[PDB]
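The residues making up each chain are set out below.
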Amino acid sequence: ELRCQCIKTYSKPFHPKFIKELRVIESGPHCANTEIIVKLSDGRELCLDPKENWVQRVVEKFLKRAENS
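Thresholds applied
- Residues numbered from 1 in each chain as written, not as in the entry; some residues may be left out.
- Heavy atoms only, no water.
- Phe/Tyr/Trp six-rings, centres within 6.5 Å; stacked < 30°, edge-to-face > 60°.
- Buried < 20%, exposed > 50% of the residue type's maximum accessible area, 1.4 Å probe, protein only.
- Helix = DSSP H or I, 4+ residues; strand = E, 2+ residues; numbered from the N terminus.
- Core = buried A, V, L, I, M, F, W, Y, C linked by side-chain atoms within 4.5 Å.
- Contact = heavy atoms within 4.5 Å.
- Polar contact = N/O pair within 3.5 Å; in protein donor to acceptor, adjacent residues only side chain to side chain.

- The deposited coordinates, according to the entry record, derive from solution NMR.

- Under the annotation held in the PDB entry, the protein chain carries the name HUMAN INTERLEUKIN-8 (MONOMERIC) and is attributed to Homo sapiens.

Put into structure tokens, the structure is as follows:
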């Protein structure tokens, strides 16, 4: 069981295209709260907090449209 990889998420907002890899983690017994995860192209790793409207909007601005997943 892998608990939330980020005890403290990103509260400050930031532009999404900088993120080179935006992958979110689902919730379960390991962690009831959902946790987002991104990897800035500069070589940084910051988990986002879905409590804000910018983190959920940033995820849609990056994962917008539906392809096949």
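**Thoughts on the packing of aromatic side chains**
Part 1 of the reasoning: Here the structure, examined in full by the defined rule, presents three aromatic pairs.
Part 2 of the reasoning: Pairing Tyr 10 with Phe 14 gives two aromatic rings, centres 5.4 Å apart and planes at 55°, and the pair type is tilted.
Part 3 of the reasoning: For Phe 14, a relative accessible area of 15% corresponds to the buried category.
Part 4 of the reasoning: On the basis of an interplanar angle of 85° and a centroid distance of 5.7 Å, the ring pair of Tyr 10 and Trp 54 is categorised as edge-to-face. Residue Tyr 10 is found in the segment before strand 1 (23-25), and its partner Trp 54 is found in helix 1 (residues 53-63); the two are separated by 44 residues along the sequence.
Part 5 of the reasoning: The class for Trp 54 is buried, based on a relative accessible area of 14%.
Part 6 of the reasoning: Ring pairs connect the aromatic residues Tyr 10, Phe 14 and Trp 54, which therefore count as one cluster.

**A word on the nonpolar core**
Across soluble globular proteins, you tend to see nonpolar side chains buried next to one another.
Part 1 of the reasoning: One finds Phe 14, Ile 19, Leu 22, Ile 36, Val 38, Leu 40, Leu 46, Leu 48, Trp 54, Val 55, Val 58 and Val 59 forming the largest nonpolar core, which totals twelve residues.
Part 2 of the reasoning: Secondary structure elements with two or more residues in this core: strand 2 (35-40) and helix 1.
Part 3 of the reasoning: Examining the composition of this core, we find that four residues originate from one element, helix 1, more than from any other.
Part 4 of the reasoning: Excluding residues within four positions of it along the chain, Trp 54 makes contact with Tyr 10, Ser 11, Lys 12, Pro 13, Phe 14 and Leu 48.

**Re the side chain of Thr 9**
Part 1 of the reasoning: As for its placement among the helices and strands, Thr 9 is situated in the segment before strand 1.
Part 2 of the reasoning: Residue class for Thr 9 comes out buried when judged on its relative accessible area of 18%.
Part 3 of the reasoning: At a separation of 2.9 Å, a polar atom in the side chain of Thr 9 contacts the side chain of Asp 49.
Part 4 of the reasoning: Not counting residues within four places of it along the chain, the set of residues in contact with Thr 9 comprises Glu 35, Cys 47, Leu 48 and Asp 49.

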